[PDB]
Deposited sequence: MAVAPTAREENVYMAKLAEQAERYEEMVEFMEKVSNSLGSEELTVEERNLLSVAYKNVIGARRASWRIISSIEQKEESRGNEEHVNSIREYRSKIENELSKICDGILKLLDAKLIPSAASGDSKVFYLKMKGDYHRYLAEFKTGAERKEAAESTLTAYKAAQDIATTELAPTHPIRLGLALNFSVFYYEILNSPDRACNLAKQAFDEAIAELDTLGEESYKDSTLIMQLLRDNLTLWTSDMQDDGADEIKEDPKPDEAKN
């Protein structure tokens, strides 16, 4: 009944109880426990689901408070806008601590332990993902650097994915989705976004057509975003 084994189970209990911050803490220990070896596919995904839910909540709050702010500033009410933005600052604070936690873990333990193509792309995609969440709310040179780190991480992830994983591989397809969402939402470049998404979609269909749920959903998402961006 090892510690690592104990933490993984605890993480799954946290997942069932929807106490994601705690789920993160447990998978954080697991990650910091091993040294030479890599996290299992299950462990790697538990950690990823944990952080996704932790940051997802704050991202949703942010979008809502951000929208209130937009409506109130255009309505002229300034006392309200100050309170809104003060509330947003607090949301942005957690977003920064959260991204910082997983990004540090990626460079210190996860990326260095990646021994296969699945592993490396997954972790590099995750790295791009969290620098992308920072860019969603940053503005000055901060946004610039967050945007830069995002592009660097995704390009690296794609170089490995494009050559080592199948076109229909869910991690590769997810990387394409996120990478293209990055061009569209952050770099406000729907041109580069559609080209990338279309290419990934086409390669997947080609493969599916010649030599055959995750891939199906991702591909539908790519499709939805593809048309949605053609307006």
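K.L.:
Need the unmodelled segments of the deposited chain, numbered from 1, in order.
P.N.:
Several regions go unmodelled: 1 to 4, 217 to 220, 240 to 260.
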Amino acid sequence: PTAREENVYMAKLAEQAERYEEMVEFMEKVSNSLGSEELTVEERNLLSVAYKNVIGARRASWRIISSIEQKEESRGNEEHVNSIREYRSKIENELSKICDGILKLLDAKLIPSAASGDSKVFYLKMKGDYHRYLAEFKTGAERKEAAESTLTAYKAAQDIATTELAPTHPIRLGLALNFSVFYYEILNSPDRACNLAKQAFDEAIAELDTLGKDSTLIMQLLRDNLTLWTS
From here on, numbers count along this sequence of modelled residues.
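K.L.:
Name the higher of the two by mean Cα B-factor in the PDB entry, 109 to 117 versus 67 to 75.
P.N.:
Mean B over CA atoms: larger for 67 to 75.
K.L.:
As stated in the PDB record, which stretch has the larger average Cα B-factor, 4 to 12 or 221 to 229?
P.N.:
Of 221 to 229 and 4 to 12, the stretch with the higher C-alpha B-factor average is 221 to 229.
K.L.:
Of the options 152, 139, 158, 93, which has the highest CA B factor as deposited?
P.N.:
In the PDB entry, the greatest C-alpha B-factor among 152, 139, 158, 93 is found at 139.
K.L.:
Check the PDB entry and point out which of 53, 40, 168, 36 has the largest C-alpha temperature factor.
P.N.:
Of the candidates given, the C-alpha B-factor peaks at 36.
K.L.:
Comparing residue 57 with the other modelled residues of its chain, is its CA B-factor in the lowest, middle or highest third?
P.N.:
As the PDB entry reports it, the C-alpha B-factor of residue 57 lands in the lowest third of its chain.
K.L.:
Going by what the PDB entry lists, where does residue 80 fall on CA B-factor within its chain: lowest, middle or highest third?
P.N.:
Within its chain, residue 80 is a highest-third residue by C-alpha B-factor, going by the deposited values.
K.L.:
With respect to C-alpha B-factor, does residue 205 fall in the lowest, middle or highest third of the chain as deposited?
P.N.:
It belongs to the middle third of the chain when residues are ordered by C-alpha B-factor.
K.L.:
Would you please rank residue 180 by its C-alpha temperature factor against the other modelled residues of its chain and give the third it falls in: lowest, middle or highest?
P.N.:
It belongs to the middle third of the chain when residues are ordered by C-alpha B-factor.
K.L.:
In terms of the chain's CA B-factor thirds, is residue 193 lowest, middle or highest?
P.N.:
For residue 193, the deposited C-alpha B-factor lands in the highest third.
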